[PDB]
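**Student:** Counted the way the entry's author numbering counts, the sequence shown spans residues 0 to 37, 45 to 153, 162 to 298.
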Amino acid sequence: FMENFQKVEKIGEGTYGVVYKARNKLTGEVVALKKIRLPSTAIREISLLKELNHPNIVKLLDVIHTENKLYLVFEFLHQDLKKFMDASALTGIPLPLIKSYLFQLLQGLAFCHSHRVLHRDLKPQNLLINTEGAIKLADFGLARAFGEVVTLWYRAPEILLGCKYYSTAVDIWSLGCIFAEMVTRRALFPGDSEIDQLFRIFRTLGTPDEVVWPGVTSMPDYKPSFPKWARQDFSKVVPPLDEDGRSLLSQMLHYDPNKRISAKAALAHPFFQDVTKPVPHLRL
Ligand SMILES: Nc1nc(I)c2[nH]cnc2n1
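1. Alpha carbon to alpha carbon, what distance is there between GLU224 and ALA31?
2. In terms of residue numbering, what span does the beta strand (DSSP E) encompassing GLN5 cover?
3. How would you call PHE0, buried or exposed, if buried means at least 16 neighbouring beta carbons within 10 angstroms?
4. In whole angstroms, what separates the C-alpha of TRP167 from that of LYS129?
5. Spatial neighbours of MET233 within its chain, please: C-beta separation below 8 Å, excluding the five flanking residues on both sides.
6. Classify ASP223 as helix, strand or coil using the three-state DSSP reduction.
7. Flag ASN59 as yes when its Cβ comes closer than 8 Å to any non-hydrogen atom of ligand 1, and as no otherwise.
8. Taking 8 Å as the cut-off, is the beta-carbon of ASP288 closer than that to any non-hydrogen atom of ligand 1?
9. Whose C-beta lies closer than 7 Å to the C-beta of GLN110 among residues of the same chain, with five residues either side of it excluded?
10. Could you please give the first and the last residue of the uninterrupted alpha helix (DSSP H) stretch that includes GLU195?
11. Using the beta-carbon count (16 or more within 10 Å), is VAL197 buried or exposed?
12. Counting C-beta neighbours from all protein chains within 10 Å, is the total for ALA21 16 or more, i.e. buried, or is it exposed?
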């Protein structure tokens with residue numbers, strides 16, 4: 000039971016608490032209702055995100071603070087990208103659709119980053135799709151406002175090396191990992207711990223050094239004793255992605271966050287010359 004919603008049903012466990020599909024009692028509308036598992047600072051800052059509207063961002067409809075509980079109300083979409091890539095594993099997602107989704111996601115990130123809002127925890131479970139061929143990012147801005163098993167697979171290397179500063183580049187990294195996973199039908203870096211995560215990145219991209227990443231050796235959790243692995247070609251990592259897609263991915267996965275392509279620059283990349291917006295085959 001809820002005093003403002005009916006037919007409340009559990010969708011999943013999210014980063015912050017249970018996620019429900021719910022019907023607004025007044026309007027009849029179906030929404031995603033997120034219970035935040037337990045602060046005044048967070049309420050004003052998340053409430054600012056109610057203004058932050060774009061076709062490729064999941065709309066934060068409301069912030070409800072009642073009975074000393076906090077709920078976030080979002081626009082409901084029928085599938086996430088995790089489920090869609092599982093459902094598409096035999097065939098793969100068609101390349102035009104991968105390109106459409108990556109393009110759209112970059113437009114959402116470019117919008118949020120232009121408004122000084124980061125995600126910091128992008129993952130297939132917070133990328134949501136609809137029947138019309140759109141993809142939208144959920145939960146932008148929540149990590150900065152708020153502070162089972164956490165997925166590390168999309169975490170940028172500076173975060174894993176204990177940098178307590180964030181930048182836009184953390185989201186480009188995450189999205190490049192997602193881009194690779196859509197193409198290969200395998201997670202790029204499926205670490206089960208922070209050091210396994212780090213070392214999976216190093217064994218693909220090479221152990222970073224002061225040449226490719228000035229400042230890295232002074233990172234808080236950098237250890238001079240890290241093994242020194244050589245870097246692999248993207249040609250072996252993401253076949254059969256073409257030269258253009260491999261060049262763009264390379265730029266999204268630079269070690270130094272400052273060298274990583276911006277979302278705005280990535281939209282101009284030659285990979286998107288032939289972008290279209292296809293219809294997905296969604297089984298709901
Ligand atoms: N179905 C679904 N799941 C989640 I996680 C969502 N977050 C925002 N809208 C959502 N819709």
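Built from N, CA and C at the ideal position, the CB exists for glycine as well.
**Tutor:** Here's the rundown:
1. 45 Å
2. 4 to 12
3. exposed
4. 8 Å
5. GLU172, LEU175, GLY176 and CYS177
6. coil
7. no
8. no
9. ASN62, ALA140 and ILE141
10. 183 to 198
11. buried
12. buried
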